[PDB]
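K.L.:
sequence unavailable; structure follows:
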């Protein structure tokens, strides 16, 4: 099989990577199989659970977790295993070992981790993509890389590194979102990340209505443009 | 028996619920019995311990914990078990199971969880109270409810939900504190919460000098103004 | 043996204590022996690991931890055991028990914990030092003490207290750094802390180039006198 994973919060800005995986799961109608709920991994003041209360009674309680679901794009015999959920607060090493065990039983060939970061970049020009891979040969996609060559990492980079150590090829892509538009209905970068998924897994992914949403997005950010304009700086 | 519990920090604003339970324990002279100290539940950078040092030496070290004490209002037949302490950072599920075991041994009939939140509300008019209960028949006290009908919860709501699942009747009340006066000597809401305690447990609670403190409080907030009849805004 | 320990983050401001221990380890060429890596102690969103990536590939992954190394100052025949690393987020009690086991195997006589805090104090006058010790006689170095006589503590104070309880003499010193110059290249307080280390352990520490760096530091803060005022205020 093959994996596309994405982690919320720190490792995802504008919800680009989360939305990317969401879009795959919608398009190809993914089947839930495994959910990693363990309280060994989660600080619940940081990642609070979600309550749903109606007419004086709670009707639903939702705990932070890692959702793993399964997929088959219509033409292909690539199974695609999707992973999505919040970045745990603890026991990362064992969290990664767990995911690897899932990987092992499902006979996964390749892992692709999507993420997104805030950078100094125009919204009126393409999405910069950065990342890392399992070797210098695999960096065929990159000579250079992401905002931190040295510095703090998240679960994306760790897990990536846990795969490489485990001997599974693994690549992470990071989409650069303009810091001034941080609100998380961003489709532009989601597109960009999805295309990287095509590139690694070699199966076409239907973008559907995303371009329309991107073009509407980009126009209606240029909408708020009375004298507020560090753009020249950024554009070049 | 019967429980009144309250959790600090997120679930308590103005220290209204904490002060409510404090006031019960003072009034009825509660006897400490159980203290849940476990380091399985607490992130100590978030909830730091309190040191006491005198003349070059530490004389006391105080660890965050859950204090459980016992009570008997004088006229009353009924034991009141009080719970007070900071909201754990982790293993909520097992934390709640633990409390339930305490509940089981002590044969508790009913649980009442107090909390308080910051809202848009005048300080010159009554305290809005919201919450949830074990059945819609029991929401007699409420048609409509708390700031998040859907959204992130705290230990109050979880524990509440753990009681309901365990088959113990449980109700939570949330007092609405004006965000502009957040400093935590608030008596007004404490009163309000206490009255909800009367309503559920049906034992009168002596308020003593709380009204005096409330009226002094309310007058001395109406004292501090220029430019800022924002309160006229919340006339409505 | 004898210990000099220092903890990062909360307990070290200006990187005074960290730099102090660093300077000892450089000067006396300390030998790494033990590294406490355990994921029982660390919340990894708070203390993130450090990635190093070069030309599309990660080349290094560095996990937060407690480094313990060994030392023998040249004249002396006492071993100095150095400890340095970030303040854990959890299981402090067991973290301290662990360190104590190290202490036990190494037959440690005395522990000295260095720290630093932001205070209202001039940069043009000496470094105020505060702290606590194992007894009132031991406070010969202090009648009086730390910013928090009562209030929240860190791992420094806890560990200190764990040593005292274990029967090992232990002293903590806290250097007062001017809040307005917080940037962590401060040598002034590092000197001060180092001198306290001399005082307890009675072995001279070569300061090397530190004074030069301190006087340069102090002159080039007095250099930026465009805004700053209220000199007199702190000056007494």
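P.N.:
Ah, there it is. Numbering: from 1, shown residues only, chains lettered A, B, ... in the order given.
K.L.:
and the strands in chain A?
P.N.:
Under the criterion DSSP state E, strands of chain A are mapped to A:2-7, A:31-36, A:50-54, A:57-62, A:66-71, A:80-85, A:110-119, A:129-132, A:150-152, A:170-178.
K.L.:
tell me which of those strands lies nearest to chain C.
P.N.:
Closest to chain C of those, according to C-beta to the nearest C-beta: strand A:150-152, at 3.6 Å. The C-beta positions use only the backbone N, C-alpha and C, and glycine is treated the same way.
K.L.:
what comes up buried for that closest one?
P.N.:
Neighbour counts using 16 or more other C-beta atoms under 10 Å in any protein chain shown place residue A:152 of strand A:150-152 among the buried residues.
K.L.:
cool, stretch A:147-157 as well?
P.N.:
Using 16+ other C-beta under 10 Å as the burial criterion, the residues of stretch A:147-157 that qualify are A:148, A:149, A:152, A:153, A:154, A:155, A:156, A:157.
K.L.:
and it, does that touch chain C?
P.N.:
Yes: using C-beta under 8 Å from any C-beta of the partner chain, we find that stretch A:147-157 touches chain C at A:148, A:149, A:150, A:151, A:152, A:153, A:154, A:155, A:157.
K.L.:
which residue packs closest to the fourth one, ignoring adjacent ones?
P.N.:
Put plainly, it is residue A:151. Setting aside the residues directly before and after it, residue A:151 is nearest to residue C:50 in space (C-beta to C-beta, 6 or more residues apart in numbering or on different chains), at 6.4 Å.
K.L.:
one more: the third one?
P.N.:
Of all residues beyond its chain neighbours, the one nearest residue A:150 is residue C:52 (5.0 Å), with distances taken as C-beta to C-beta, 6+ apart.
K.L.:
wait, isn't the one you found in contact with residue A:161?
P.N.:
No: with contact defined as C-beta atoms under 8 Å, residue C:52 does not reach residue A:161; the gap is 10.9 Å.
K.L.:
near chain C, anything from stretch A:108-128?
P.N.:
No: figure legend: stretch A:108-128 not in contact with chain C (C-beta under 8 Å from any C-beta); closest approach 12.1 Å.
K.L.:
what about that stretch, how long is it end to end?
P.N.:
With C-alpha to C-alpha, to the nearest Å as the measure, the ends of stretch A:108-128 fall 29 Å from one another.
K.L.:
please apply the same query to stretch A:115-134.
P.N.:
17 Å.
K.L.:
now do it: distance to the chain's middle.
P.N.:
Relative to the chain's own centre, stretch A:115-134 is displaced by 13 Å; criterion: C-alpha atoms, centre = their mean, to the nearest Å.
K.L.:
buried set for that stretch?
P.N.:
A:115-117, A:119, A:121-123, A:127-134.
K.L.:
if we can go back for a sec, could you redo the strands of chain A as CSV and give each row distance to residue C:69?
P.N.:
Listed next are the strands of chain A as CSV, based on distance: least, C-beta to C-beta, whole Å:
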stretch, distance to residue C:69
strand A:2-7, 35
strand A:31-36, 38
strand A:50-54, 46
strand A:57-62, 46
strand A:66-71, 38
strand A:80-85, 39
strand A:110-119, 36
strand A:129-132, 32
strand A:150-152, 23
strand A:170-178, 34
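K.L.:
closest to residue A:91 out of the ones you listed?
P.N.:
strand A:31-36 (11.3 Å; C-beta to C-beta).
K.L.:
what's the angle from that closest one to strand A:80-85?
P.N.:
40 degrees (axes from the mean of the first three to the mean of the last three C-alpha atoms, to 10 degrees).
K.L.:
and the angle for strand A:31-36 with strand A:66-71?
P.N.:
In terms of direction (the same axes, to 10 degrees), strand A:31-36 departs from strand A:66-71 by 160 degrees.
K.L.:
strand A:31-36 packs against which elements?
P.N.:
With contacts taken as 3 or more C-beta pairs under 8 Å, 6 or more residues apart in numbering or on different chains; DSSP states H and E, strand A:31-36 sits against strand A:66-71, helix A:92-105.
K.L.:
which strands border it, and is each parallel or antiparallel?
P.N.:
strand A:66-71 (antiparallel) (DSSP bridges).
K.L.:
follow-up on the earlier one: the more surrounded of residue C:52 and residue A:161?
P.N.:
Neighbours were tallied for residue C:52 and for residue A:161 using other C-beta atoms under 10 Å in any protein chain shown; the higher tally belongs to residue A:161 (22 against 15).
K.L.:
surely the more buried one and residue C:61 touch.
P.N.:
Yes: using C-beta under 8 Å, residue A:161 is in contact with residue C:61, at 5.5 Å.
K.L.:
what do the two both touch?
P.N.:
residue C:51 (C-beta atoms under 8 Å, 6 or more residues apart in numbering or on different chains).
K.L.:
list the contacts for whichever residue of chain A sits closest to chain B?
P.N.:
At 2.6 Å from chain B, residue A:56 is the closest residue in chain A, using C-beta to the nearest C-beta. The neighbours of residue A:56, taking C-beta under 8 Å, 6+ apart as the test, are B:131, B:132, B:133, B:136, B:138, B:139, B:141, B:142, B:143, B:144, B:145.
K.L.:
which residues does the fourth one contact?
P.N.:
Taking C-beta under 8 Å, 6+ apart as the definition of contact, the neighbours of residue B:136 are A:55, A:56, A:57.
K.L.:
surely the first one meets residue B:138?
P.N.:
No: with contact taken as C-beta under 8 Å, residue A:55 and residue B:138 are classed as non-touching, separated by 11.2 Å.
K.L.:
between those two, who's got more neighbours?
P.N.:
A direct count of neighbours by other C-beta under 10 Å for residue A:55 and residue B:138 places residue B:138 higher, at 16 against 13.
K.L.:
which ones are touching that one?
P.N.:
A:56, B:169, B:171.
K.L.:
what's the distance between the last one and residue A:49?
P.N.:
From residue B:171 over to residue A:49 the distance is 19 Å, taken as C-beta to C-beta, to the nearest Å.
K.L.:
and chain A, which residues reach chain C?
P.N.:
A:10, A:43, A:46, A:87-94, A:131-136, A:138-139, A:141-146, A:148-155, A:157-158, A:160-161, A:164.
K.L.:
at 6 Å instead, please
P.N.:
A:89-93, A:132-133, A:139, A:142, A:145, A:149-150, A:152-153, A:157, A:161 (C-beta under 6 Å from any C-beta of the partner chain).
K.L.:
circling back to that earlier point, from the residues of stretch A:147-157 next to chain C, which is closest to residue B:226?
P.N.:
Closest to residue B:226, out of all of the residues of stretch A:147-157 next to chain C and judged by C-beta to C-beta, is residue A:152, at 46.2 Å.
K.L.:
between residue B:171 and residue A:49, point out the one with more neighbours.
P.N.:
With neighbours defined as other C-beta under 10 Å, residue B:171 and residue A:49 compare such that residue B:171 has more, 24 against 20.
K.L.:
which single residue in chain A comes nearest to chain C?
P.N.:
Counting by C-beta to the nearest C-beta, chain A gets nearest chain C through residue A:139, at 2.6 Å.
K.L.:
what sits against that residue?
P.N.:
Counting by C-beta atoms under 6 Å, 6 or more residues apart in numbering or on different chains, residue A:139 makes contact with A:133, C:56.
K.L.:
please redo it, this time with the cut-off set to 8 Å
P.N.:
A:132, A:133, C:55, C:56, C:57.
K.L.:
buried sites along stretch A:216-236?
P.N.:
A:217, A:218.
K.L.:
quick one: terminal-to-terminal distance for it?
P.N.:
Taking C-alpha to C-alpha, stretch A:216-236 runs 24 Å from one end to the other.
K.L.:
relative to the whole chain's centre, how far out is it?
P.N.:
That offset, for stretch A:216-236, works out to 26 Å (C-alpha atoms, centre = their mean).
K.L.:
residues in contact with that stretch?
P.N.:
Against stretch A:216-236 from outside (C-beta under 8 Å, 6+ apart): A:120, A:121, A:122, A:123, A:124, A:125, A:181, A:185, A:186, A:187, A:188.
K.L.:
one more time with 7 Å, if that's ok
P.N.:
Residues outside stretch A:216-236 that contact it (C-beta atoms under 7 Å, 6 or more residues apart in numbering or on different chains): A:120, A:121, A:122, A:123, A:124, A:125, A:181, A:187, A:188.
K.L.:
thank you, goodbye.
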